[PDB]
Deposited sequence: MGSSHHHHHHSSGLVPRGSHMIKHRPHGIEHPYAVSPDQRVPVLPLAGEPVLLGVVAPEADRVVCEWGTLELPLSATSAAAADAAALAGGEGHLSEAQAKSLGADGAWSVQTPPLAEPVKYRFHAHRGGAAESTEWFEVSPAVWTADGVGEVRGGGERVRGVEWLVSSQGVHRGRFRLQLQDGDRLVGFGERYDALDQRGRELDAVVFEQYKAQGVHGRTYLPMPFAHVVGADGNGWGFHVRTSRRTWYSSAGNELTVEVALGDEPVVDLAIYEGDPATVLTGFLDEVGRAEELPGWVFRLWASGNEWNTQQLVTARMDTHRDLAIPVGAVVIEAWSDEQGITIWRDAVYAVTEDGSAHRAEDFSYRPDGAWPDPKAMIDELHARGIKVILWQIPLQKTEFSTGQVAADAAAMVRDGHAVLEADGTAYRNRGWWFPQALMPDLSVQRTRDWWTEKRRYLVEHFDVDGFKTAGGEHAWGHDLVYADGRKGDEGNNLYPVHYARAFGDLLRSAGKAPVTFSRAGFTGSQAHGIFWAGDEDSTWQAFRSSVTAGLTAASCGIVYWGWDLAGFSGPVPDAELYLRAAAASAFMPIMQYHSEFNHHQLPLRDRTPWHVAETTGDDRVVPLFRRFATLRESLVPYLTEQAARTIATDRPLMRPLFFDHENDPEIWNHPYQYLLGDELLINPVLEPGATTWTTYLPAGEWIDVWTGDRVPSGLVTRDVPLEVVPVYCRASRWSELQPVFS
């Protein structure tokens, strides 16, 4: 047997051993042909009229094996001068097999074409098109930059606030940790501010959900755009101060709606609280230590099959794949969740909201049960995202293997999928969903019921996903509180976002602040992160408390911890477990102070969130929004205003006993001493109970009680 897929697995950042590299070579470029033939004596390629012998021998070694890196054959062809038909011939000891015919046509960049870049006016120069005998594959062009211009945008970015001088792209991808290092993101947008020292600033939005690429050098920003059948790039230009630029973008693509004030309280989470007994124990500990918590997220609550039913629930399977009502279920005294309604009622009685984990995947690995009945219904009734050949797409991912994706691009399937969860909101009164994932769709030719293909639709999937569960909540009369890592243009309108997965390190802390700031510049209002990281050994006391203190000043304050295989000791990120692990007796009392102060801030955050939604001036706000013409702000990229009145300066390094903050024009008050402070550079002591925060003097009368 021998396998060759020209596009391969279509990992956006990597290549599989079975594919053509590159998939679309430039004329003059050689091409690498991989093939997987685990058992073969010899493998040759018939390339045009030639014959090319294949040799014996990015993607992790472990991932590569799964795709058959062992037994992978490859050869480099002569440079492509023209379209070439090719196939492969292989045999085991005199038993031969031949693949089908593949064709590859070389492409070239030209300024000659019927294609247009529309909407950029005099800002756009150097328009070119990547063309082959197949058609026009990509557009490319240049936006003129001036001196002192910064590029801030592109969705959620973990490496830098200002992207000028960097190469980056916009495509939805799950990068597991180290997002800043790799320069990747769960939540890209083809949009950015161009904001500069003197002249009136501006911004642009490339209107596509197809992949886009960015690079800047000198005075030009180069923009490359993947195309569909129509060789047209529609480019929106917005003019004004940064807030007015953002308003233009959000007027076009969508905007947050006011969420309930309770989202501004502390969110508690950890993956290993997998039973009623554990969730109630952890929340009881919060209560007994007098650390206020406003929401609990339960990630493993479910049967771990369909992920729409409480673990150990007892019910008659619906063979037809129809949704269950609440009364279908019995809960056994000895089960993982003997009485989930009683648990939730008690949490609600204490003023704590309950959030349940979700994934947009239907496991195919089971032959029987509700999960198998539903998967079969998905295929039968057309609820699954499809391949080009009409079979259902299978998660080409590494976990939840070969799972189907519900096609959330259309209303009937959003209805069908969410209907299975309806009893969770209507009977159990669940307050929200952590809608995790949504990055799973890989291929250019995938087919969505809304008529889009994968090159267009795959980036939109997490938007549809968030929206679907937002709408479920709405339909039950509740606020659309979804909690998502992944998104794209338009995600602004749906729920809450968190920065995704990271280790517990100062580097991740800094990357996370940048993620929040960049997301906010693009209209993502309610944003948070796992404070001091969820992955690996429990954070040390200093990182945890620096993280906790800054996070009390961020839109969403949340802690979380990764699955540890239920080993001991625990990897919980709870304040008390961190105290226990570190042996540091400052951790609980100081975290409590931060959390208690946080509680007092909820009316401020609520008012400021409302202003952000009304004026588009961001909630977690880079200084360039209010001070575009102050050059000094760019030397302090981790500083921000929380709403109009407060300037925050997170302590991002270990060992710091003092910290310096740059206060822009206007009058300021140090919130810890109530003393006036002059604008400009200010240095103060930073013991663990302090993160530098300054209030606009005119409004200090309103904020003083919070800090009293």
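According to the record, the deposited residues with no C-alpha atom in the structure span 1-20, 78-92.
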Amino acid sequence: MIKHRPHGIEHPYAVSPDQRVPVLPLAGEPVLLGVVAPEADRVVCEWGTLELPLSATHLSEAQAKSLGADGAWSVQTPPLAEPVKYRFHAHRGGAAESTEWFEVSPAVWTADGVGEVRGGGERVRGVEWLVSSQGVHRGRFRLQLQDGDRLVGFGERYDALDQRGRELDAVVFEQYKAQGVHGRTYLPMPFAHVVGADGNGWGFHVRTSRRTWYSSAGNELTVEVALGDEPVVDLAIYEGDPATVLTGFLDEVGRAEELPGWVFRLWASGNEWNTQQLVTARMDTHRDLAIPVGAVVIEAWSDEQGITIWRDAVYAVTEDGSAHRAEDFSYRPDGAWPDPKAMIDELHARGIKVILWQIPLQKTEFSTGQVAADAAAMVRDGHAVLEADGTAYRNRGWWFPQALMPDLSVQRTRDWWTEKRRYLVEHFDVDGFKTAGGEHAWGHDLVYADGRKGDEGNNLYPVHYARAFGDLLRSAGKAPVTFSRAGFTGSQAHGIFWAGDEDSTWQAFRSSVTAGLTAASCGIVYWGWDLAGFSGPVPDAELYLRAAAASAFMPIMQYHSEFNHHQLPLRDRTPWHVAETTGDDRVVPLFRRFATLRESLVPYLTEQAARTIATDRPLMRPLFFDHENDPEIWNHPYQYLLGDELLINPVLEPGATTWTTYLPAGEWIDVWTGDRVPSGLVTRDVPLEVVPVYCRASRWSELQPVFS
From here on, numbers count along this sequence of modelled residues.
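In this crystal structure, the stretch out of 326-334 and 465-473 whose C-alpha atoms carry the higher mean B factor is 326-334. In this entry, 123-131 has the higher mean Cα B-factor, the comparison being between 123-131 and 428-436. In the deposited coordinates, the residue among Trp506, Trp357, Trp398, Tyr186 with the greatest CA B-factor is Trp398.
Highest CA B-factor among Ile344, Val75, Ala520, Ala441, as stated in the entry: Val75. Sorting the modelled residues of the chain by their CA temperature factor places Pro618 in the middle third. In the deposited entry, the Cα temperature factor of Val114 places it in the highest third of its chain's modelled residues.
When the CA B factors of the chain's modelled residues are split into thirds, the value for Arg92 lands in the highest one. In this PDB entry, the Cα temperature factor of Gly180 sits in the middle third of its chain's modelled residues.
In the deposited entry, the Cα temperature factor of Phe483 places it in the lowest third of its chain's modelled residues.
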